[PDB]
Structures are given as structure tokens and as C-alpha cells.
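Heads up, the thing below is written out as C-alpha cells.
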Amino acid sequence: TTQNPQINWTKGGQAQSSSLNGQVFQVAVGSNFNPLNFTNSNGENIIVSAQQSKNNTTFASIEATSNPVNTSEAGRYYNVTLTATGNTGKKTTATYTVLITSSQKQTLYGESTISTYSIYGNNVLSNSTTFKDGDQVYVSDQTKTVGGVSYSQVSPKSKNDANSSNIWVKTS
């Protein structure tokens, strides 16, 4: 009830209205995982924090009470339990699940420099933005073809960003 600490979380900087308890997140094989601040497979930053109560916005202490997460192997899942403790010792827990997936990123090779383009309707314009050989990016599932050339939309930030970055490379 209302007097217990409240756990808050943001995904991609946006406050979330659904409770952290019960969430299922994807985390990439090989990643460093902190259960209070981590990046999901699609590049969205997830930050968990707490306040004293529903109505009291003062900092409340929060820590992982159970964190067996191991990112070494894809196809495994782990439950994380977080405990928030108010200044008079009331407690709230949330348990979320982490699925270890393979990387959703792709490596750009191109020649050392990869040129980018912006697309509006059926028009391809040059973009000054360049990637270096070896740079890793998320890639939109939706490609676009202009003049029989295929282009992929990309972002180094997130899969979501890649769908609207209007930074395109030639699909290889």
C-alpha cells in the first residue's frame, strides 16, 4: 500500500506507467549488466530508482537483492529482484526477467569510410554523416529502394532511432 517505497523506471528517458514488477527485458550476449541501469538489446537505456512513498518523492534506497544475471550465453533467462527500503524500514520489491539474446547490432564495413544518405519519398540526397569501418549500428527492418539501389536505415543509438534517423547506408 501507499506508505511503502515506490519503484520508478525510465526506458529511453521516458517514464513508464506499467510497474517494473513482471517486466521482461532483452539483454545482449556479452554486455555488462547493472540491474539498476542497463541497455536492452535494442539499445534503449533502462534506469530503475525509488522514492520514499507514493506521495513522498524523496530519494529511497534501492538495490538488487537477487541478481544471478550472466550474459555469457544467449538462450538463457534470469530473474532479478530489486528491494527498495524507506527511511523507516518499509520495503517494496520488484522482480523482472532478463532474456539473453544475440546482438541486434550490425557492423558496417564499406574502403574505410561509409557514406550516408537521407531519403524523402523517392529522392536520395547526400548526407555529410559518415561511419568508419567497424562501427556498429542498429538497422531498421524496413529497407527502401530508389533507382534500383537498396538502402538500410541505421542508428548507433537504438533500433527505435534507426526507424526514423533518416541516416541510410547502401544495403550490402
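Labels for the C-alpha cells follow display order: chains A, B, ..., residues from 1 in each chain, ligands from 1.
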For range 20-27 of chain A, please output as a ChimeraX atom specification all residues within 9 Å (counting only C-alpha atoms; exclusion window: fewer than 5 positions along the same chain).
/A:7-9,33,38-42,48,71,81,93-103
So that I can check the surroundings of range 149-157 of chain A, please list as an mmCIF file with C-alpha atoms, in the first residue's frame every protein, DNA and RNA residue that reaches within 12 Å of it, counting only C-alpha atoms and ignoring chain neighbours fewer than 6 positions away.
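Final output, saved to around.cif:
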data_model
loop_
_atom_site.group_PDB
_atom_site.id
_atom_site.type_symbol
_atom_site.label_atom_id
_atom_site.label_comp_id
_atom_site.auth_asym_id
_atom_site.auth_seq_id
_atom_site.Cartn_x
_atom_site.Cartn_y
_atom_site.Cartn_z
ATOM 1 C CA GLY A 12 14.864 5.560 -23.277
ATOM 2 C CA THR A 39 20.858 -1.134 -22.042
ATOM 3 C CA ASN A 40 18.406 -3.584 -23.634
ATOM 4 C CA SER A 41 19.180 -5.482 -26.857
ATOM 5 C CA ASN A 42 17.535 -2.709 -28.908
ATOM 6 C CA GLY A 43 19.780 -0.020 -27.346
ATOM 7 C CA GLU A 44 17.187 1.580 -25.023
ATOM 8 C CA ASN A 45 18.615 2.614 -21.645
ATOM 9 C CA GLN A 104 20.740 -6.787 -32.554
ATOM 10 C CA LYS A 105 23.585 -4.562 -33.869
ATOM 11 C CA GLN A 106 25.295 -4.985 -37.259
ATOM 12 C CA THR A 107 28.864 -3.993 -38.237
ATOM 13 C CA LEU A 108 29.383 -1.610 -41.191
ATOM 14 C CA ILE A 114 30.858 4.563 -45.218
ATOM 15 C CA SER A 115 28.772 7.384 -46.762
ATOM 16 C CA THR A 116 25.197 8.043 -45.607
ATOM 17 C CA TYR A 117 22.107 9.408 -47.378
ATOM 18 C CA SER A 118 18.710 10.886 -46.457
ATOM 19 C CA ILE A 119 15.529 9.728 -48.204
ATOM 20 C CA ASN A 122 11.546 8.603 -53.955
ATOM 21 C CA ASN A 123 14.504 11.014 -53.530
ATOM 22 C CA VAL A 124 18.004 10.139 -52.206
ATOM 23 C CA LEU A 125 20.147 13.064 -51.022
ATOM 24 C CA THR A 129 27.383 11.943 -41.790
ATOM 25 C CA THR A 130 29.922 9.102 -42.209
ATOM 26 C CA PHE A 131 30.637 5.842 -40.388
ATOM 27 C CA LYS A 132 34.118 4.343 -40.024
ATOM 28 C CA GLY A 134 33.943 -1.418 -37.916
ATOM 29 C CA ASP A 135 31.285 0.943 -36.470
ATOM 30 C CA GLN A 136 28.261 -0.895 -35.011
ATOM 31 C CA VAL A 137 24.670 0.244 -35.608
ATOM 32 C CA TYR A 138 21.068 -0.872 -35.230
ATOM 33 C CA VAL A 139 19.330 -1.357 -38.565
ATOM 34 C CA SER A 140 15.613 -0.863 -39.307
ATOM 35 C CA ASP A 141 13.820 -3.980 -40.588
ATOM 36 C CA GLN A 142 12.285 -1.805 -43.351
ATOM 37 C CA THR A 143 14.614 -1.122 -46.327
ATOM 38 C CA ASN A 163 13.419 3.618 -37.862
ATOM 39 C CA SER A 164 13.396 7.445 -38.089
ATOM 40 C CA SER A 165 17.067 8.584 -38.126
ATOM 41 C CA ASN A 166 16.886 9.312 -41.866
ATOM 42 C CA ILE A 167 20.518 8.168 -41.918
ATOM 43 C CA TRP A 168 20.689 5.456 -44.604
ATOM 44 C CA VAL A 169 23.560 3.369 -45.978
ATOM 45 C CA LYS A 170 23.583 1.156 -49.077
ATOM 46 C CA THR A 171 22.479 -2.382 -48.070
ATOM 47 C CA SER A 172 25.406 -4.778 -48.781
#
Given the choices A:10, A:19, A:31, A:4, which gets closest to residue 51 in chain A if the distance is worked out from only C-alpha atoms?
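Nearest candidate to residue 51 in chain A out of A:10, A:19, A:31, A:4: A:4.
Shortest separation to residue 82 in chain A among A:6, A:70, A:55, A:17 occurs at residue A:6, atoms counted being only C-alpha atoms.
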Mind the document's chain letters and residue numbers, and return as a PyMOL selection string the residues of chain A that DSSP labels strand (DSSP E).
chain A and resi 6-11+14-15+24-28+37-39+45-51+61-66+77-85+91-101+106-107+113-120+123-132+136-139+144-146+149-155+168-170
